[PDB]
Every structure is written in structure tokens, then in C-alpha cells.
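Here it is in C-alpha cells:
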């Protein structure tokens, strides 16, 4: 009577250990270097649901967030929004 | 020698007649190869190689150049005679002649290109020759591999792994040649030849990469991927119905699990083959290990399409054995075991049965298998901490701050204790493994190796985390441990 | 002294029974660093070479000069450890390359005596070592990965079991591979079956029939491995019962040193228990199996056999 | 051999009509013979009943289903 | 006109005439286990995975 | 008192004031409490049955309907009026976990 499904705890990302049990926007805020509106815009460009926890967001969406946030000019983020 | 003289004569050159004479010489080179079967010109065949290069250059010149009925017939017949000489040289080469083999294959390839740009029949004759070829070190390599040939394995690794159009016409002509009743039996004899021809992971239905094109004009080899998979499935069903052995059986099961299923169309016939392969249980100590990759195929099929296997975890209880520890597929079988036991409907009886079986296994199991089995036990107790009572009962531990009545009761309880676990009971729900503790894990604490002992101390210390990286602590071996300990 | 082959040729041009004294004189001269290090190198490799070549001389003319060489090795090892450990590591490398090229056809009684002299010489009680633990897992892989199909391999396993019995009488650890070796050798001895298919033995030709007297003048351990493992292809029932009682005595010795302290000796010994009860029901006169069952019955009556206290720690402040 | 036996018995134990269609799509007579060799008797009886209702519903389907 | 469904750390109440996500309960920590209304149609109870 | 469902029962539904259904394992057993015994049982399901519900006295030709979903997309409708006889079935591809009826 088995069943299979598609969770991660405290987890590492860009050498920052953020939890999977909070909201994803503020998880990217506690990633050091970027803040509230930057994390919000990064989630909006990564095209994820902003209400999921970080225990959700499978690794392909995760690396999408990584590549977008580490290639920020290459994803239409303006310079005045850049640091 | 005479071959080089004829070469120079044909190169300098009634030019058609001279070329015909040279072709007659290159066709008598088949008789020369027959003599070479006894001795390849004192075991060298350099003259044969020179004559082959000559015949290749002559065929090139003939294709570039050539009563038009008679002339064209003579030209085509000379080209076909050279090709037939090359094919017969590749076919009757029971003698392991690398240079002559390479020459025959290269001449065949060049003539095939010339025919595709000038003249499928040549291809099927080529495959008939390559499959009528046979060698002693080629037939049924039993230690590993499928067929340690020369000519078909080199033909595969520098001719078949390059051209998707040849791959399509390859499988379609194999369908035709299996409907051919005698060459069907030729394939049934050379079952391993296709196996060593197919394990190279770079076929047409693998869209991960692209293959180059041999002929300057492909005759619609991109017509249908499902047609390609139909050729695949027909060839594979015929070969799995015909003339199977044990090593070839394990090889086709490996290629079935990893490489075949992107190229396939009929997983129900695969399910029937796979359930026969998984229910294959005999007194053969070499054939009793097939259910590992058989269950691998069965479970990935069950994931792709909702099929069943009754008394599944009962069969897993039956299949967990020390022979799994002794065979070298326990890494992927433990990947399979993890995705089996990651279900959220299993119970305390099931996890207790499996953990006690693995506890007797780590009592008697080699240290590479020990470092495989520690992470699974750790993550299993972590996923179901409903069985921490077997790691420590709360009733059997003592404390000074309790009455002598309960002291004496604890003493009499420890006297009337009996270990109630049953090994021979095959029902994992019925094995009373909840009361049996792990003295075998206490022995794993009293192991001999330092790293294994420290993993046992990780068992003894309280479970603080849950991410143990089974894949990182999954593949280890004696030689790998030697390298790590030296480093 | 400058080269292995050179100093070996020197010792052979001398005399192998007096090569010990010759090398001792040379070493005394050299001692009266790099010279004695190369001497240690050639002396290790030369005594291993001698153990590979010849043992025709008896205890009164070969074991005495071998023990004198061993005493010279004791002196140079009390003086030197870095070069000895280095060439020990190179010996690990060369014997592992020999194994991976030929699984069975590139081993030596010289490697066995190398393991035994390492076990006698080093501080074997150490938990981690640059020499012992690599040699420990080499002895493990050596006793485990060999396709046990013949009595010379059985005797190889027996002398490895003796060496690790010394290892775990001075260190007191546990080997699941020596458990597996014991079960495999017992099953290949009584294959001649229905009760053990999980052991996965290799050979269906050797067994143990009912024509042994098992007296004391019947052959004891008496391990002349450099001769017995070379003539054991001639197979009487007395050589088989001697190697059987040899592995049984090393089994009982390993029990009496470490497995009484092993907490799961019960479940360690259950397959061996069914094997020995089959032995007694098959032969009905085996006194050393009877004593072993009596000792293990005492151990079952003596042990706690209680569920453990593994997840019991003190509350954090 | 290349049979479809357990899929036939599974469909007949749980009468899935899509699975019955996909398992009656085949026409290889050796596989037909080997199935109804290695099938259960009463399961083959209800298989004959399902064959009858499928032929009656789609008489055009009865072509390859005539030897079953 | 409505029904509740359990999902990943979430309880979702749908309507019937529109078949749309009407209410979202997301105050949980880990994934919920049960959702059950009362007979009065006002309170739902949500069994979670923290006890 | 208890009544034995040998395989793990995963659902229990008081279908009537006198009858109950044990939905668990491959089959499901419909018992009666007053007679303290299984009135019927149906084992027509492929996988382990994962959900079961009941609806009664509503606008339909069939008065009482019993739905049971069994981990295949396979949900099946019986009726206790016909001794829990097979009446209908839907099949969704993914293995169903929960079904419900208005």
C-alpha cells in the first residue's frame, strides 16, 4: 500500500545556510548581500509562487533563482536597482 | 610484391580491362585470405594490406570514372567483386587479423559511401558478413562484456556510433533480416554481437546529443521516432525470445534498466519479461542474483505506468540476502531500497523486520557493505522513530530512585525475558522484530575499523540531524578505502 | 647493501644459512643512516624472498637462522621506523598491484610472513596506524576476496586467521569477515547443504567423510606453511582433518579472547552453532565441537541478553 | 516467452476498459496461444464475455479478435 | 456549495458553482494530515504533522 | 467488540445505521454491527483502496451510492441496495489518493 511523493530543512545556498521553513522572499533576504525588494524582484523574475516555503521549490527552480541572481544585469534588472 | 606490382600497374593504367584484371587479382585475394587462415603470409599480411589499399584506390578511381551496357556492367561488377572480396575477407576471418580486418572494413565503408553517392543491399550483405564472422575470444565473454570481437566492436565504436541515418537503416534492415528465416537463426546464434553493438549509449533516440551524417544525401531517416522504437522493440523482443544465456542475460537487463526504455514503445511486454525475470528463482547460484536488476526494471516500470506486483515487501524481505552484499550491484539495489522504503504507509513491523535483517547482515557483511548499510539504518530510524524502543526499551533501563518492589520486578522481568524474533518467517508484518534489540549494532560499535566504528558511535549518540547523504556514503570499496586511508 | 639484487647475490655467494651472520657483520660495520636504511630495505625484501624460495632445512638449521634474522630486524626496527614504514607502504602498493593483476596468482607465503612479522613487531594494539591498519584491511581483503576452492587457499586463510587472532588478542576487535570465513570453510567442508545457501561457497569437490580417527597422534596444527601449502594438492583425509582442527582451534581462540566480550556473540555464533550441531549429529564423536558448544551454552546462560540503552544520554544544562 | 498473461489477469480482476483495449490491440498468434495457455480458466471465461461485449459494441473490432 | 482539501502545508477550500480556490489556510509549519468540517458547517479541524 | 480485517484497514465508514464498511488492503468488507459479521465483501480492486465515501437520498436514479478509489485513478461506484454490486467507474491516470462527492 505504498505511495510516493515529491522536503528540505535548513539548507545551503550561495554558501549561506537559510531555512526551508520560512517564506522564500525573506529566505533570500537572509542570504547576505540582498534585501527585501531585491529578493522580491528576484522571485518575480524567477517566476515562482511567493507563498511557498523554501522547503518547497525543487532544485531546478532553485538553480534558476541562483543563475538569475548571479547574472542580474542579464535578466533586465536596471542599474539603479543594482547595488 | 606481385600485389604491389599489380597496384602500380593499375595506378599507371584497355584501362578498363587492366582494372578488371586487378579486380580479379583482388578477388583472388579472397583465396589468398583463405591461405592466410592457415598463415597470414607468415603472420604479417602486409602484402594483403597493400593489395587491399590498392583495391580501395582502384574502387575510388572506378567510381570517379566509370557498349555502355557492357562497360557499366563490367564497372559495377568489378566494384561489386571488390566489395564482395572485402565482405568475404571480413566474414571468413576466423583468424584474428587486425590490419586485414581494418582494411576490409574501411574498403567496405568507402565502397558504401561510393554506392550511396553512385549506385541497402550492400549494407545487409555487410552485416551478414560481420555476423557470420566468429572468434574464440569473441563468443560469450563470461567474465564481463557481451562479445569481445574485433571487427564488429571496431565497426561499432568508429562506424555505428557516428551516423544516425545508418542507425535507422541499420534497425530497419535488422527487422528485414529477422523476417529472413535463416539470418534470423544467424542472429539467434550471434545474440551477443548485437549486445556489444548496442551497449554504446549513443543511439538515435538519445536526443541528448546529435550524430553526424555519413551519406551526403540521407533518404528520410528522420521519418518517425516511434517507427525507430518499433524497429527497436521488434529486434529486442526477437532477441529476448531467442537463445539466452546468463551473462548476456545480465547484460540485457542492465541495458534494459538504463538505456533501452528511452528507445522503447511496449512496456507491457517489457513488464511480462521483467516479472518473469524477477520471479526467476532457481537453485543456480549465478542466476539467483538477476532479481536485483529485474526489480529495478519492474519498479521503474511501475513508476512510469501504474502496474503492480502482489506481496511486494514480502518479496523484498525474501530478496534481501548476503548474496546481495557479495554481488557488486548492491549500490543501485540500495538506491532502489531507499525509493522503496521512502513510502509513508509502511509500519513498525515492516521497518523492524527490515532493520533486523540488515542488523544480522551487518553482523556478517563486508566493510564496504557495512558503510553502505549504516546510512540506510540511520535514515530509516530517522524517518520512523516509532521504533526507538528497540534501540532502548524504557522498561529495561534502571534508576536508583525507584522502590525495591520495582527493583525485584525488573530482576524477574530480566530473567523471564526471551528474544522472540523469527528469521524464517517470511511475512515482515508477522516477524516480531519490535521486541528484539540490536546486540548486532552493539557489535558494530565493537567493530575493528576506525571509520566504521565512528559511524557506529554516530549510531550510539542521539540522532540530531536527518540529512546523511546516502549517495555520498553509498559507493565505497576496499580499493577506494585504501586510496582514502593512504590519502 | 646498495642494491637489493646486489646484496642478495652477496648473501647467496656466501651461504643462506650463514647469510644472517654475514649481513649481521656488514650491518655491524655500517653501524660502527642511509646505509642502514638500505640495509633494512634489502633485509626485509631478502627474508621475504627466502620465505618464497626455500624451507627444506629443518628447525635446527633454518628456523634458528630465520629467528636470528628476526632478531636483527628487531634491532634495526628499534633503531629505525620511518624508512621501515615507507617501504612497508611501498610493499602495500606492490602487493595490491600484484593482486589486481592476478587475484590469486600473484600472492606469497612471503606476504603472509610479512604480515606476521609486522604483527609481532609493531604496536598492534594501536587503533590507527600508518602500517598496521593498511595491513589490517589488506589481510581482510586477502582473506575475503580469494575464491576459496582449494586447501592451499584454506590454509592461507587459516594463517591469516592466526595472525588476526594475535591482532585481536592484543587489540580485541571483531571481524565479520572472519565470521564469514569460518562459515564458508565449514560449508565447503560439509558440502559433500539444505540448511545453508546464503553463505555462497565456490567449490563442490572437497568435503569431509566418516573415516577419521581424530586422535592426538593424528595430525595437529603443525603449520609448515611453506611446505604444507605447497604439497596440499595431494589430499588425504588427515591433512583435511588437521586443517579443520586448525581453523577450529583458531576459532575457539578468537572466541576465548574477544568474542566473549563481543555483545552479539549469540547471533554471531548461530550459523556456526547450526553448523556444529550438524557436525555432531553427523559424526557423534567430536569432543572439541562438544567443548565449544558447552562454552557457548555457558555464554548464553551468562550473558545479559537484554534490550540495550543506546539512546540514553544526560539532559543538557 | 513474450506473453501478456499477468496484464490480462490484472484487467480481468479489475475490468479496466482502457487497459483491456490496449491489451487487445495486439494480434500475434503465438502470444495469444501462450496467454490463454498461461491464464486462469474462470478468468478466461470472463475474458470471453468481455470479448463478446467488445465485438457486439464494435463489430469492426472483431477482425483480430476473431481468433482470440 | 464548498469543500476543503488538504495539500502541502496548506488547506484549500473550494466552491462548487465556480470551482475556484476560495479560502487558503497556510498558518501551518509542516504538511497537514486531515481536514474535516463540523455538522454546523462552520468549524473545520486540521490535523497537522506536529501532534 | 471487534471484527477482523486481516490486511491493514485504512478506512471505516458507517454506511447505514446497521452496516459499516472496512475499506483496506485490496478488497473491502462490508459488515453489519447487529449481526456482528461481514454481510458481504468485494475484492474487485486493482491496488490498495485509498478512499471510500457514501451518499444517500439524493436526486439520482440510484438512491444510495458508495464510491471507492484505489490508487490508480480508479474510482468505482457501488450501491448497498444491490449488495454492493459494481455500477460505475472512472479512471484517472495518476494514482488517486482521495475522492469525495457532494
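Residue numbers (the UniProt record's numbering), protein chains in the order written: chain A, 2 to 7, 11 to 87; chain B, 1 to 13, 22 to 74, 82 to 134, 145 to 512; chain C, 382 to 413, 419 to 578, 585 to 709; chain D, 434 to 501; chain E, 53 to 103; chain F, 207 to 308.
Beta carbons are placed, not taken as given, at the ideal position from N, Cα and C, and that holds for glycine.
So, with DSSP's three-state summary, where would you put residue i?
{"i": "residue 461 of chain B", "result": "coil"}
{"i": "residue 84 of chain A", "result": "coil"}
{"i": "residue 229 of chain B", "result": "coil"}
{"i": "residue 698 of chain C", "result": "coil"}
{"i": "residue 160 of chain F", "result": "Nothing about residue 160 of chain F can be reported from this structure: the residues present for chain F run from 207 to 308 only."}
{"i": "residue 47 of chain B", "result": "coil"}
{"i": "residue 97 of chain E", "result": "strand"}
{"i": "residue 245 of chain F", "result": "strand"}
{"i": "residue 260 of chain F", "result": "strand"}
{"i": "residue 63 of chain E", "result": "strand"}
{"i": "residue 512 of chain C", "result": "coil"}
{"i": "residue 234 of chain B", "result": "coil"}
Mind checking whether the beta-carbon of residue i lies closer than 6 Å to any heavy atom of the ligand SAH?
{"i": "residue 477 of chain C", "result": "Summarising the ligand content, the structure contains no ligands, and the ligand SAH is consequently not present."}
Is residue j closer than 7 Å to residue i when the C-beta atoms are compared?
{"i": "residue 100 of chain B", "j": "residue 34 of chain B", "result": "yes"}
{"i": "residue 472 of chain D", "j": "residue 438 of chain D", "result": "yes"}
{"i": "residue 511 of chain B", "j": "residue 456 of chain B", "result": "no"}
{"i": "residue 293 of chain B", "j": "residue 440 of chain D", "result": "yes"}
{"i": "residue 16 of chain B", "j": "residue 331 of chain B", "result": "For chain B, the structure lists 13 followed at once by 22, and that leaves residue 16 of chain B out of the model."}
{"i": "residue 382 of chain C", "j": "residue 425 of chain C", "result": "yes"}
{"i": "residue 159 of chain F", "j": "residue 229 of chain F", "result": "Residue 159 of chain F lies beyond the range of chain F shown here (207 to 308); nothing can be said about it."}
{"i": "residue 320 of chain F", "j": "residue 284 of chain F", "result": "Here chain F comprises residues numbered 207 to 308, so residue 320 of chain F is not present and cannot be evaluated."}
{"i": "residue 423 of chain C", "j": "residue 469 of chain C", "result": "yes"}
{"i": "residue 22 of chain A", "j": "residue 33 of chain A", "result": "no"}
{"i": "residue 118 of chain B", "j": "residue 57 of chain B", "result": "yes"}
{"i": "residue 268 of chain B", "j": "residue 167 of chain B", "result": "no"}
{"i": "residue 190 of chain B", "j": "residue 152 of chain B", "result": "no"}
{"i": "residue 474 of chain C", "j": "residue 517 of chain C", "result": "yes"}
{"i": "residue 462 of chain B", "j": "residue 700 of chain C", "result": "yes"}
If I'm right that residue i touches residue j with Cβ under 8 Å, what's the distance once you round it to whole angstroms?
{"i": "residue 223 of chain B", "j": "residue 280 of chain B", "result": "7 Å"}
{"i": "residue 642 of chain C", "j": "residue 577 of chain C", "result": "Not really, about 21 Å apart at Cβ, beyond 8 Å."}
{"i": "residue 276 of chain B", "j": "residue 171 of chain B", "result": "5 Å"}
{"i": "residue 465 of chain B", "j": "residue 384 of chain B", "result": "4 Å"}
{"i": "residue 44 of chain A", "j": "residue 29 of chain A", "result": "5 Å"}
{"i": "residue 160 of chain B", "j": "residue 105 of chain B", "result": "Going by Cβ atoms, the distance from residue 160 of chain B to residue 105 of chain B rounds to 12 Å, so no, they are not a contact pair."}
{"i": "residue 446 of chain B", "j": "residue 381 of chain B", "result": "6 Å"}
{"i": "residue 298 of chain B", "j": "residue 435 of chain D", "result": "7 Å"}
{"i": "residue 199 of chain B", "j": "residue 236 of chain B", "result": "About 18 Å separates the two Cβ atoms, so there is no contact after all."}
{"i": "residue 58 of chain E", "j": "residue 84 of chain E", "result": "5 Å"}
{"i": "residue 300 of chain F", "j": "residue 281 of chain F", "result": "12 Å between Cβ atoms; not a contact."}
Using the Cβ count rule (16 or more neighbours within 10 Å means buried), how would you classify residue i?
{"i": "residue 579 of chain C", "result": "Looking at chain C, the numbering goes 578 and then 585, which leaves residue 579 of chain C without any coordinates in this model."}
{"i": "residue 560 of chain C", "result": "buried"}
{"i": "residue 97 of chain E", "result": "exposed"}
{"i": "residue 57 of chain A", "result": "buried"}
{"i": "residue 457 of chain D", "result": "buried"}
{"i": "residue 67 of chain A", "result": "exposed"}
{"i": "residue 450 of chain D", "result": "exposed"}
{"i": "residue 491 of chain D", "result": "exposed"}
{"i": "residue 97 of chain B", "result": "buried"}
{"i": "residue 557 of chain C", "result": "buried"}
{"i": "residue 113 of chain B", "result": "exposed"}
Looking at C-alpha atoms only, which residue of the options is the closest neighbour of residue i?
{"i": "residue 452 of chain B", "options": "B:340, B:396, B:475 and B:366", "result": "B:340"}
{"i": "residue 472 of chain B", "options": "C:653, C:704 and C:392", "result": "C:653"}
{"i": "residue 59 of chain B", "options": "B:42, B:226, B:154 and B:31", "result": "B:31"}
{"i": "residue 348 of chain B", "options": "B:372, B:22, B:368 and B:387", "result": "B:387"}
{"i": "residue 543 of chain C", "options": "C:669, C:701, C:555 and C:572", "result": "C:572"}
{"i": "residue 1 of chain B", "options": "B:132, B:55 and B:394", "result": "B:55"}
{"i": "residue 149 of chain B", "options": "B:114, B:174 and B:201", "result": "B:201"}
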